[PDB]
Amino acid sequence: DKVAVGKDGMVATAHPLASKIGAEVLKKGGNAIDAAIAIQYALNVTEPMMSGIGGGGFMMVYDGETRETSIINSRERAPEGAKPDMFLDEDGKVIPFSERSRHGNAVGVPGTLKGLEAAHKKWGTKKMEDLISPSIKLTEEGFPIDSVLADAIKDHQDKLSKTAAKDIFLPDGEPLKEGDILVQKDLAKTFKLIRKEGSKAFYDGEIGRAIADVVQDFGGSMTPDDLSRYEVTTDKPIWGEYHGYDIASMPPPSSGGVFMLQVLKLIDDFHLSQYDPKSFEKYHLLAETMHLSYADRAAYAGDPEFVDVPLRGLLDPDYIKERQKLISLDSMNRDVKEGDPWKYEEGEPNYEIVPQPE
């Protein structure tokens, strides 16, 4: 169902089979981290277009024993051979999105699997073989695909037709339909290897060499050395306050936490519950606010290992009032440049502000 209640645990995921797998882990006395690991594996099989061991993520965990909130950050990294201008052609023109998004230069070193291992080292109570095994079975023996996956195959058939996906997802040249069984024998083999050997098979082993080789085949520069260099990181949340509640969200290298917080701070003083949820006034004020926050994001957000993000200035109450001068029901604001949050910081940016085509 879409809504559930429970006394002793709760799972909510985008695929019924993954939700059942994670609930079973909890029913058998695993903890929420054990369940989350099992769910990631399950979604990699059943919702393969959306996530898995070929990507990365941000796993926020509140630890009920220590009372600390931390984030396992498995975001991908550019390989060493990546270059600032790799998405431009030799005349400086931006390579079209459809093209550059299919090319090997787009592939970051994957983190998800190392993320699951870091979460298991810190919090796990069930062995990793138990947590991966239900997904080995879904991969090896198959499952009936849902509508979202059937639609995705159809909509991405051209992309898939160019790669080793095609024999699995487009058999005999036709997308699998809703309810057809999807069998993923190679993915099963990979999960068995990880079950046997751990992530070394991926980051310093046979899977890794095949990743590097296919990245290079598709024009990218990733090497096995790129793979063996990778490790996840652990981040503290960015915190804010709203409506009497404390909100923990994702810091840089996401824009999400800070800009979600900034939107809430910008709109809070307009007391939007005075307007119907489907009113002109709510939608206008939201649109005006988003234009401001997205403009600050374009200017000031990037990986904080490299660039200085003005987190304090972006959320300073004075800076919020500066931006709010531009948010009104009286008129449409067309002055949508970034503001100057560095007025409310000790330092300055260590980069330029560079317009990007839409």
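When you see a residue number, it is the position in the sequence shown, counting from 1.
Checklist entry - Mean C-alpha B factor from the entry: is it higher for 238-246 or for 88-96? => result The stretch with the larger average C-alpha B-factor is 88-96.
Checklist entry - Averaging C-alpha B-factors over each stretch, which comes out higher, 65-73 or 288-296? => result That would be 65-73.
Next on the checklist: Per the entry's Cα B factor values, which of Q40, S331, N31, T46 stands out as the maximum?
Outcome noted: Comparing C-alpha B-factors across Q40, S331, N31, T46, the top value belongs to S331.
Checklist entry - Going by the entry, which of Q184, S133, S255, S279 has the most elevated CA B factor? => result That would be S133, according to the entry.
Checklist entry - Which third of the chain does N350 land in by C-alpha B-factor: lowest, middle or highest? => result Its C-alpha B-factor belongs to the highest third of this chain's values.
Checklist entry - In terms of the CA temperature factor given in the entry, to which third of its chain does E178 belong: lowest, middle or highest? => result It falls in the top third of the chain.
Next on the checklist: Lowest, middle or highest third: which one holds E24 when the chain's residues are ordered by CA B-factor from the entry?
Outcome noted: As the PDB entry reports it, the C-alpha B-factor of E24 lands in the highest third of its chain.
Next on the checklist: Lowest, middle or highest third: which one holds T112 when the chain's residues are ordered by CA B-factor from the entry?
Outcome noted: Its C-alpha B-factor, which the entry lists for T112, ranks in the lowest third among residues of this chain.
Next on the checklist: Ranking every modelled residue in this chain by its Cα temperature factor as given in the entry, which third contains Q262?
Outcome noted: Lowest third.
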